[PDB]
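Enquirer: Okay, here's the structure, questions in a sec.
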Amino acid sequence: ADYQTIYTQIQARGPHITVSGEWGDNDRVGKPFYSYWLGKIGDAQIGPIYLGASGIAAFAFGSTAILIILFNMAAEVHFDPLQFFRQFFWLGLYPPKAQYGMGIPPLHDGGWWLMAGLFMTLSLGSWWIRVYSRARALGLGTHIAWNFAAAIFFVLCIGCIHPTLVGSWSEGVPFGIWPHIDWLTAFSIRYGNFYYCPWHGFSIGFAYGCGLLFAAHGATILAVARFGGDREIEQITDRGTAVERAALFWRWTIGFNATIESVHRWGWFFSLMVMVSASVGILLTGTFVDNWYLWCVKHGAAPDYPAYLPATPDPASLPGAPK
Amino acid sequence: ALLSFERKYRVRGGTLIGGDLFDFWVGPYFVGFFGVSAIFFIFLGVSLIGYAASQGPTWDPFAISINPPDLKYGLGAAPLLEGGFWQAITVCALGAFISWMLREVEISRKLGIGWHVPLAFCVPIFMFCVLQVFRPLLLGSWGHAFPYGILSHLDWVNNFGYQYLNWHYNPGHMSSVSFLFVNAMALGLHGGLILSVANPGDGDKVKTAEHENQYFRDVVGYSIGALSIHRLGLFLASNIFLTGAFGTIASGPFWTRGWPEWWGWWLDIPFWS
Amino acid sequence: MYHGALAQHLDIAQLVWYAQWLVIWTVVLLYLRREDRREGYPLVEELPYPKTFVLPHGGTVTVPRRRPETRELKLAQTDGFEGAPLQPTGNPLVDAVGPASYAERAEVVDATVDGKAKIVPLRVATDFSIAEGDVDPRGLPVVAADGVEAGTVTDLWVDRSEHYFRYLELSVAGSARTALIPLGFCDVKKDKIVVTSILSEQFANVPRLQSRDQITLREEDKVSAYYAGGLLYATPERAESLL
Amino acid sequence: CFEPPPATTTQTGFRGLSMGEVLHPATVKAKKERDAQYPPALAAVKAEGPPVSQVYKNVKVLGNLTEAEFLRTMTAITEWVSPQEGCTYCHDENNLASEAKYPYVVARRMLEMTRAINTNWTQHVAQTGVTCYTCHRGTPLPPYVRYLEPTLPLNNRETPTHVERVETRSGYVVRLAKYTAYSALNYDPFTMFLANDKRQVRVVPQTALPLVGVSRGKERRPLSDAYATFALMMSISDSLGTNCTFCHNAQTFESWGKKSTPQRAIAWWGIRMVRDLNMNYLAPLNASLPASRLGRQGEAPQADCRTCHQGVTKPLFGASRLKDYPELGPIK
Ligand code: BCL
Ligand code: BCL
Ligand code: BCL
Ligand SMILES: C/C=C1/c2cc3[nH]c4c(c3C)C(=O)[C@H](C(=O)OC)c4c3nc(cc4[nH]c(cc(n2)[C@@H]1C)c(C(C)=O)c4C)[C@@H](C)[C@@H]3CCC(=O)OC/C=C(\C)CCC[C@H](C)CCC[C@H](C)CCCC(C)C
Ligand SMILES: CC(C)=CCC/C(C)=C/CC/C(C)=C/CC/C(C)=C/CC/C(C)=C/CC/C(C)=C/CC/C(C)=C/CC1=C(C)C(=O)c2ccccc2C1=O
Ligand code: HEC
Ligand code: HEC
Ligand code: HEC
Ligand SMILES: CC(C)=CCC/C(C)=C/C=C\C(C)=C\C=C\C(C)=C\C=C/C=C(C)/C=C/C=C(\C)CC/C=C(\C)CCCC(C)C
Ligand SMILES: [Fe+2]
């Protein structure tokens, strides 16, 4: 058994790493702290952390939005400190309930939401630059920055793009623990059971696959951890016995395999496609499809089942039946 | 037929049962005893699905469905057309999954590596049992289990979730979803990082393990490490079905109301009410 | 009139549905599946373009690996049909076959952020420590699978880049020793280091290295491979049926 | 935090749809023993005599009964509405023709309403029907009523906490949540849907593609409507003590035929019935009830689902007195 794959039995300490970046070496902040219990399942050193203009813009815009949201939450309980801590999950900031179209809604009905939405967007955009710039500041590929973009893009879809495309701010996602959860069903109901949106199935297929892949890959690297498999950069440019057996375990199992490099393209793609498929689903939704179930019925894809309890005629269509 | 570095490894041994008898390869596939039993269960299972699909007004994949019995049959045997086909296929599916798992144990054994992959594979097998056996057994009938059809089994999940009003409030479900999300996130980060170091652009120098840790020290103020991301990863991915199983088995056997109401334990406490 | 409606019974979302499948299979088959075949190919007994990595401190390496000279097998086939298993003609631990096999990758000690040797002893490692709370293997006995003292701790070897110990190395009783053991193969107790991968008589062959202060990559693989070969070959009792 | 096994499960859809009820025996058992307090019908009486339109001076609804039959009704009503204070709750001690107290004039209206339900709304109550008890359960104030805003507790026989009181605005979200099965849906389905016939419960389109003229900008209903519909559904479900699959195949909530249960259609006739009761019988009563009965906007107590069901698919589990008191309806 590998006791190293469970926890690191013997832990190592030494002088701080510091690799210079093209800029901002001085804007690193924090004296690095060592946690013994953290270092049983990760590296013990916590910090330092890089500030830099994009990073601080993120916290500025971000906090601004959160403040808006928390303040609007506090008012929902008359600013009672007890009830706020109590009802917190039920509290939220809601998009306009009346139909103002794309017109900027009143502060008490959607206004504060739109503004909190705006500052949140600025916050995400600020952090993106951080993710991007830090990559090429350290002479690294922007693979992370572009994955993070797909997630940012999708949030924009459910946040403002799809609202703009259908022409209503009322279709936005509220801020809150339960309230933003409530939106999920209101949106699915409105558009005819989202189980019948193909890009929904696609997005799910990719998300599940993200589970499968890093369950398999995560376990794969643990299995060849005795051969220093976790050292992957120097297993790509230079193949050793770790991914020899890793490539062969899967080749003997499913009939084909990847490389130590290419398996990372598989996981990056799957993750990307969770967002890519989702965004396409939301865009199509409302715009060009108004009921995904009926859309499937039209194309003869929807399943049909025999009656258990008798067929029930729509009473609204009965002769003499009320409005 | 073989990889450039492969024949080095194709030695005998590492069998659990069978010895030399099934210790051989078919193309790139290893067989072993559990290769033989897998094919048996898979042939039988697919045949049953085929013969069952023979019978309905079937044939286009999206409309093909093989359903469990009525609730009234309890845990008893059902008429093959009225649920029995499902019962058998269920069994075959379990034979196939477990075989596939132990086959992986045999392959790990011959390669001299840890058994982490087939041990990981026990988690989805486990969840399948929760859905198709466990929760039915507690509820008393097999008819509570999901049907085998590409679209039909979605409608099973759909109705089941609504049977508890808003399935979103299911705390077991909240944990499960949380793990599915963060796992997809971590996979994107990790794969993206490794590529960033090996594929950094233009006429480049491939960067180092110090650049790895470097990057996440700057962005979030911590890097978990090269080896630790892989145990973290197996941890997040596994806890999808490890935590989610609680919310599934709790629905029915241990809770019959809507899941939003379940949070009455927090909301209805006398000194907040 | 309807949004998204086209000619016949056709609509926009219907078209995108096909485009989605086309893109996905294009990426999977005409990219990801080809990216998978960068090493191990071509087969013996569809491929992609070359690629050239520029390595951190001098030199390049490019997909495939067109290699020095190739090792000579020390195994005999068990039967003549294509998929038959093979069988060790000597001691499978010494000719590095099966789970005892290693990779033929450059005998270079590969390095740190700044040039130094990455995997080095604490007698070298300057400034590296054992974290307060974890046990010090310094001077402990190494107990093999047969229960016999195979020897005693000498030093522990650290990755200078990741701050992570990867090898114990130790003395054998009775051969003027010393050689490597990956700590994936060790169970660190308070008074002993338990190793069940090999018997104590078999520590005698643990691949030595031209250096006492170094360790190169082929080495790292040569050392790790042999202990892993013990999981199947240490006794006649491991090539078994478990049942 | 949890309810011990086993659990009572029913099947309402095709096998393998996971459609049906999920009930906890202890809850169900408790509800029967509560609904079993339905007083037994009074023994039958003399069929002959002059109609009380001859006999009594101020009888305008039940004027065709004989005196023995008419008094029987008065005993039953007394049982059902005001058993503790008896007749004098609704009668001047020695002038029984007098409408000098308010429960008299309301009780007349209440007689007509009850007959209305059993006669005109047989698409809902069928031959089960209702009596005074179905809502009152032995008290002048029905336990489950609803004002023009969320109130707590749902049962007015229970003492409200401070935060539950309608005046305490810090607790508005909870009042809203508990009427909607503890969801955070920010909508009151009673006033939106059940108090009147103004708004439409249906919000899901009946075409695949968006219909031009109703799918862009201010042509569209706000998404808020689907929320509120969800809120009505949460409320109805808790009121009957079931879930969605009791009525829907959640494959497509918007569809009837095999995609719905006969109960959903019955339920449809209930909403229509409840609106009728509120708009034409109960709401106009604020002019006859004392100020102490009225809500904060001068509203009289009005009925929803729960008013009769009180947590059950059928009120009092199908118990009826319909043939025991034909004067209560249906009416020829
Ligand atoms: C409680 C949760 C639900 C559930 C909820 C959902 C939802 C919701 C969705 C799916 C989707 C899918 N589900 Mg399901 N699913 C459950 C359990 C299962 C089981 C099982 C053994 O228990 C199977 C085989 C499947 C199979 C599948 C696929 C048809 C599809 C894509 C999944 C995917 O990419 O995964 C990750 C795996 C990979 C990326 C690798 C490739 C796997 C391929 C796709 C497997 C195809 C198997 C196919 C059914 C044939 C079976 C065998 C025949 C004998 C040939 N589900 C349970 C019952 N599943 C989506 C869909 O599109 O459905 C139509 C979807 O929207
Ligand atoms: C009744 C309710 C509906 C439902 C409603 C919806 C709706 C509506 C949608 C989905 C969507 C998704 N659903 Mg669905 N869903 C249901 C049933 C399921 C089932 C199932 C087995 O039953 C599964 C597996 C899923 C799973 C999925 C996902 C695969 C998919 C993408 C969303 C996602 O991952 O977001 C997780 C990822 C993110 C949110 C990205 C976040 C990225 C950003 C950068 C994070 C920012 C953090 C930062 C700190 C925030 C600071 C804030 C401060 C204020 C500043 N759903 C049913 C049918 N679901 C989407 C989709 O694909 O639609 C086509 C979608 O829009
Ligand atoms: C209205 C309906 C409800 C809903 C109803 C349910 C129900 C009901 C359940 C879930 C469950 C799950 N839900 Mg859901 N869920 C909803 C909304 C969501 C949302 C969202 C964005 O709102 C998300 C992210 C999710 C996500 C999730 C998953 C994380 C979770 C576990 C899935 C599972 O069991 O897979 C199961 C997958 C397997 C068992 C795969 C097994 C594979 C086996 C081992 C091998 C197969 C081999 C194959 C056949 C081989 C083919 C050969 C080919 C060659 C490849 N749900 C809505 C609100 N959801 C479950 C849970 O845990 O709940 C707490 C659950 O029980
Ligand atoms: C939490 C951890 C998770 C995780 C992890 C891992 N996953 C693994 C491993 C690990 C670690 C492996 O090592 C192993 C493997 O080698 O990978 C390449 C495996 C694999 N994961 C597969 C599918 C998969 N994983 C899912 C879920 C998770 N995986 C989650 C995320 C899902 C979902 C979500 O639906 C799917 C579809 C196969 C591709 C493969 C097994 C092949 C098999 O077992 O062959 C043996 C069986 C057959 C070839 C067919 C048997 C057919 C029966 C008899 C007849 C049909 C019956 C069937 C019930 C009908 C269903 C109808 C349908 C519409 C309802
Ligand atoms: C002909 C016959 C009957 C022979 C009998 C012998 C026998 C047992 C045959 C088996 C027959 C059967 C059932 C074959 C089916 C095999 C299956 C299930 C194939 C499905 C393939 C699928 C869809 C896999 C999903 C996961 C996925 C997208 C993988 C793509 C990327 C890959 C290959 C990941 C695997 C992989 C991972 C995860 C690494 O970490 C790693 C690290 C270092 C080097 C290589 C690798 C590597 O290859
Ligand atoms: C909850 C209301 C209520 C209760 C309880 C009640 N009454 Fe009645 N009573 C009425 C109403 C209203 C009328 C007139 C109904 C009508 O016009 O058809 C009426 C009519 C009568 C009349 C007709 C007198 C006349 O000249 O019009 C008599 C007598 C009478 N009730 C006696 C009784 C008796 C006896 C009891 C109990 C044992 C009783 N009441 C309890 C409300 C009530
Ligand atoms: C006992 C009855 C009943 C229950 C319980 C019930 N439904 Fe409803 N539902 C109906 C009826 C009747 C309508 C249509 C009302 C109308 O036509 O005015 C409807 C309408 C709907 C609609 C909108 C249909 C459309 O055309 O827009 C949705 C969505 C819905 N229900 C979902 C649910 C949800 C969600 C639940 C529970 C959480 C639920 N059903 C439980 C009877 C019920
Ligand atoms: C004033 C009386 C009253 C009100 C208000 C009321 N119900 Fe009913 N309902 C009844 C009675 C009495 C029955 C018994 C019918 C039967 O036994 O078939 C019934 C039957 C039903 C059934 C049939 C259950 C079954 O198992 O067959 C459903 C569903 C239902 N009601 C839903 C509702 C809905 C929806 C509402 C309001 C929106 C409502 N109830 C409010 C009196 C009422
Ligand atoms: C104290 C610490 C460590 C953290 C604090 C976090 C905290 C307690 C926050 C408080 C309450 C909580 C938990 C809030 C959570 C809210 C959630 C879950 C929100 C989820 C999704 C919200 C979404 C997707 C909103 C999207 C909205 C948008 C993208 C709007 C876009 C707006 C624009 C583009 C503006 C352009 C239009 C212009 C003309 C005005
Ligand atoms: Fe990796």
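Simple scheme: letters A, B, ... for chains in structure tokens order, numbers from 1 for residues in each chain, numbers from 1 for ligands in the order shown.
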At most 10 Å is the cut-off: for each residue in chain B with any atom that close to an atom of chain D, write down the nearest atom pair and the distance in Å rounded to one decimal, counting only C-alpha atoms, chain first then increasing number, as a tab-separated table.
Expert:
residue	atom	partner	partner_atom	distance
B:65	CA	D:16	CA	9.7
B:66	CA	D:16	CA	8.8
B:67	CA	D:16	CA	5.5
B:68	CA	D:16	CA	5.7
B:69	CA	D:15	CA	6.0
B:70	CA	D:15	CA	5.2
B:71	CA	D:11	CA	6.7
B:72	CA	D:11	CA	8.7
B:82	CA	D:15	CA	9.0
B:83	CA	D:15	CA	8.5
B:138	CA	D:6	CA	7.2
B:139	CA	D:7	CA	6.6
B:140	CA	D:6	CA	8.3
B:141	CA	D:9	CA	9.5
B:142	CA	D:16	CA	9.3
B:143	CA	D:16	CA	6.1
B:144	CA	D:18	CA	6.1
B:145	CA	D:16	CA	6.5
B:146	CA	D:16	CA	5.7
B:147	CA	D:16	CA	5.5
B:148	CA	D:16	CA	9.1
B:152	CA	D:17	CA	7.9
B:153	CA	D:17	CA	7.7
B:154	CA	D:251	CA	8.6
B:155	CA	D:251	CA	5.6
B:156	CA	D:17	CA	4.5
B:157	CA	D:18	CA	7.6
B:158	CA	D:250	CA	6.4
B:159	CA	D:250	CA	5.4
B:160	CA	D:18	CA	5.2
B:161	CA	D:18	CA	9.0
B:162	CA	D:244	CA	6.1
B:163	CA	D:243	CA	5.1
B:164	CA	D:243	CA	6.4
B:165	CA	D:243	CA	5.8
B:166	CA	D:183	CA	8.1
B:169	CA	D:183	CA	8.6
B:250	CA	D:2	CA	8.1
B:251	CA	D:22	CA	9.3
B:252	CA	D:7	CA	6.4
B:253	CA	D:5	CA	5.0
B:254	CA	D:3	CA	4.7
B:255	CA	D:3	CA	5.2
B:256	CA	D:22	CA	5.4
B:257	CA	D:22	CA	7.6
B:258	CA	D:181	CA	7.1
B:259	CA	D:182	CA	8.6
B:260	CA	D:182	CA	5.2
B:261	CA	D:182	CA	5.0
B:262	CA	D:1	CA	7.0
B:263	CA	D:182	CA	7.9
B:264	CA	D:182	CA	7.9
B:265	CA	D:1	CA	6.4
B:266	CA	D:1	CA	9.8
B:267	CA	D:174	CA	8.5
B:268	CA	D:174	CA	9.7
B:270	CA	D:161	CA	9.1
B:271	CA	D:161	CA	9.8
B:272	CA	D:163	CA	8.1
B:273	CA	D:163	CA	6.1
Enquirer: Once you count only C-alpha atoms and all ligand atoms, which residues end up within 7 Å of ligand 3, and could you hand them over as a PyMOL selection string?
Expert: (chain A and resi 184) or (chain B and resi 97+121+124-125+127-128+131+157-162+166-168+170+172-173+176-177+180+240-241+244-248)
Enquirer: For those residues, write N, CA, C and O atoms to a file as a short mmCIF file (atom, residue, chain, number, x, y, z; two decimals), in the first residue's frame.
Expert:
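The resulting file, again.cif, is shown below:
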data_model
loop_
_atom_site.label_atom_id
_atom_site.label_comp_id
_atom_site.auth_asym_id
_atom_site.auth_seq_id
_atom_site.Cartn_x
_atom_site.Cartn_y
_atom_site.Cartn_z
N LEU A 184 -33.72 28.61 -10.95
CA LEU A 184 -33.44 27.44 -11.77
C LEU A 184 -34.71 26.78 -12.27
O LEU A 184 -34.82 26.43 -13.45
N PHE B 97 -20.25 -4.67 -14.04
CA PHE B 97 -19.53 -3.60 -13.34
C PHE B 97 -18.49 -4.17 -12.39
O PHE B 97 -17.34 -3.73 -12.39
N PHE B 121 -13.35 3.24 -8.94
CA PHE B 121 -14.46 2.74 -9.75
C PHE B 121 -15.57 2.11 -8.92
O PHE B 121 -16.68 1.90 -9.41
N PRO B 124 -18.81 4.80 -8.30
CA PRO B 124 -20.01 4.86 -9.14
C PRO B 124 -20.81 3.56 -9.11
O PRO B 124 -22.04 3.61 -9.24
N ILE B 125 -20.14 2.43 -8.96
CA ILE B 125 -20.83 1.16 -8.82
C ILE B 125 -21.69 1.20 -7.58
O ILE B 125 -22.83 0.73 -7.57
N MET B 127 -23.02 3.85 -6.10
CA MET B 127 -24.15 4.76 -6.25
C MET B 127 -25.25 4.10 -7.06
O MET B 127 -26.44 4.29 -6.79
N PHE B 128 -24.84 3.31 -8.06
CA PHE B 128 -25.79 2.57 -8.88
C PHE B 128 -26.60 1.61 -8.00
O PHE B 128 -27.80 1.43 -8.20
N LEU B 131 -29.22 3.58 -6.04
CA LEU B 131 -30.38 3.88 -6.86
C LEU B 131 -31.23 2.65 -7.15
O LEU B 131 -32.45 2.69 -7.02
N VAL B 157 -35.81 10.70 -13.02
CA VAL B 157 -35.11 11.62 -12.13
C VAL B 157 -35.96 12.86 -11.92
O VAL B 157 -36.05 13.39 -10.80
N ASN B 158 -36.60 13.30 -12.99
CA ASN B 158 -37.39 14.53 -13.00
C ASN B 158 -38.54 14.44 -12.00
O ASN B 158 -38.71 15.31 -11.14
N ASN B 159 -39.34 13.37 -12.10
CA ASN B 159 -40.49 13.19 -11.23
C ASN B 159 -40.11 12.89 -9.79
O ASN B 159 -40.77 13.34 -8.85
N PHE B 160 -39.04 12.12 -9.63
CA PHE B 160 -38.54 11.73 -8.31
C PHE B 160 -38.17 13.01 -7.57
O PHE B 160 -38.59 13.22 -6.43
N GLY B 161 -37.42 13.89 -8.23
CA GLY B 161 -37.01 15.14 -7.61
C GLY B 161 -38.17 16.00 -7.17
O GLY B 161 -38.11 16.67 -6.13
N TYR B 162 -39.25 15.98 -7.95
CA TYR B 162 -40.41 16.80 -7.65
C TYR B 162 -41.31 16.14 -6.62
O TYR B 162 -42.14 16.81 -6.00
N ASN B 166 -39.20 20.64 -3.93
CA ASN B 166 -38.03 21.25 -4.56
C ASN B 166 -36.77 20.49 -4.17
O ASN B 166 -36.18 20.74 -3.12
N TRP B 167 -36.37 19.56 -5.02
CA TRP B 167 -35.23 18.68 -4.76
C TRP B 167 -33.93 19.47 -4.53
O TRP B 167 -32.96 18.95 -3.99
N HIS B 168 -33.92 20.74 -4.94
CA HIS B 168 -32.75 21.60 -4.76
C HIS B 168 -32.40 21.83 -3.29
O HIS B 168 -31.23 22.02 -2.96
N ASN B 170 -32.60 19.73 -0.93
CA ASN B 170 -32.04 18.51 -0.37
C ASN B 170 -30.58 18.72 0.01
O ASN B 170 -29.72 18.85 -0.86
N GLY B 172 -28.32 16.83 1.04
CA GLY B 172 -27.46 15.83 0.46
C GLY B 172 -27.16 16.19 -0.98
O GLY B 172 -26.05 15.99 -1.47
N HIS B 173 -28.16 16.74 -1.65
CA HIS B 173 -28.02 17.16 -3.03
C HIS B 173 -27.13 18.39 -3.14
O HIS B 173 -26.35 18.51 -4.08
N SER B 176 -23.61 17.20 -2.94
CA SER B 176 -23.29 16.48 -4.17
C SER B 176 -22.97 17.44 -5.32
O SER B 176 -21.96 17.29 -6.00
N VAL B 177 -23.86 18.41 -5.52
CA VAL B 177 -23.69 19.42 -6.56
C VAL B 177 -22.41 20.22 -6.34
O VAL B 177 -21.65 20.46 -7.27
N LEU B 180 -19.55 18.27 -7.63
CA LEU B 180 -19.55 18.18 -9.09
C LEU B 180 -19.00 19.46 -9.72
O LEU B 180 -18.25 19.42 -10.69
N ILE B 240 -18.83 13.22 -4.93
CA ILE B 240 -20.06 13.49 -5.65
C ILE B 240 -21.08 12.41 -5.30
O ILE B 240 -22.19 12.71 -4.87
N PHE B 241 -20.68 11.16 -5.46
CA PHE B 241 -21.58 10.05 -5.20
C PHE B 241 -21.49 9.59 -3.75
O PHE B 241 -22.39 8.91 -3.26
N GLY B 244 -23.74 12.51 -2.19
CA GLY B 244 -25.04 12.44 -2.85
C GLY B 244 -25.89 11.23 -2.50
O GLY B 244 -27.12 11.29 -2.54
N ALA B 245 -25.24 10.12 -2.15
CA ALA B 245 -25.96 8.91 -1.77
C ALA B 245 -26.81 9.13 -0.52
O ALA B 245 -27.88 8.53 -0.37
N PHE B 246 -26.34 10.00 0.37
CA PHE B 246 -27.08 10.34 1.59
C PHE B 246 -28.41 11.02 1.27
O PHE B 246 -29.44 10.67 1.83
N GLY B 247 -28.37 11.99 0.36
CA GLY B 247 -29.57 12.71 -0.04
C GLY B 247 -30.55 11.85 -0.81
O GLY B 247 -31.75 12.12 -0.83
N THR B 248 -30.03 10.80 -1.44
CA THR B 248 -30.87 9.90 -2.22
C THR B 248 -31.60 8.91 -1.31
O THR B 248 -32.81 8.71 -1.43
#
Enquirer: In terms of the shortest atom-to-atom distance over only C-alpha atoms, which of C:76, C:231, C:239, C:142 is closest to chain A?
Expert: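 That would be C:231, the residue with the smallest distance to chain A.
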Enquirer: Quick check: residues of chain D within 7 Å of chain A, only C-alpha atoms, returned as a ChimeraX atom specification.
Expert: /D:12-14,169-171,184-185,203-205,207-210,215-218,221-224,226-227,251-252,256-258,260-262,265
Enquirer: Of the candidates A:47, A:42, A:30, A:218, which one gets nearest to chain C if we count only C-alpha atoms?
Expert: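 Distance minimum relative to chain C lands on A:42.
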Enquirer: Could you list, as a PyMOL selection string, every residue of chain B that has an atom within 6 Å of an atom of chain A, counting only C-alpha atoms?
Expert: chain B and resi 28-30+63+113-114+116-117+184+187-189+191-192+196-197+199-200+217-218+221-222+224-228+230+233-234+237
Enquirer: Just give me the gap between atom 21 (N, counted along the ligand's line) of ligand 4 and CA of residue 56 in chain B in Å, one decimal is fine.
Expert: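 Computed distance, atom 21 (N, counted along the ligand's line) of ligand 4 to CA of residue 56 in chain B, equals 28.5 Å.
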Enquirer: Per DSSP on the backbone, what are the strand (DSSP E or B) residues of range 185-289 of chain D, as a ChimeraX atom specification?
Expert: /D:211,248,257,260
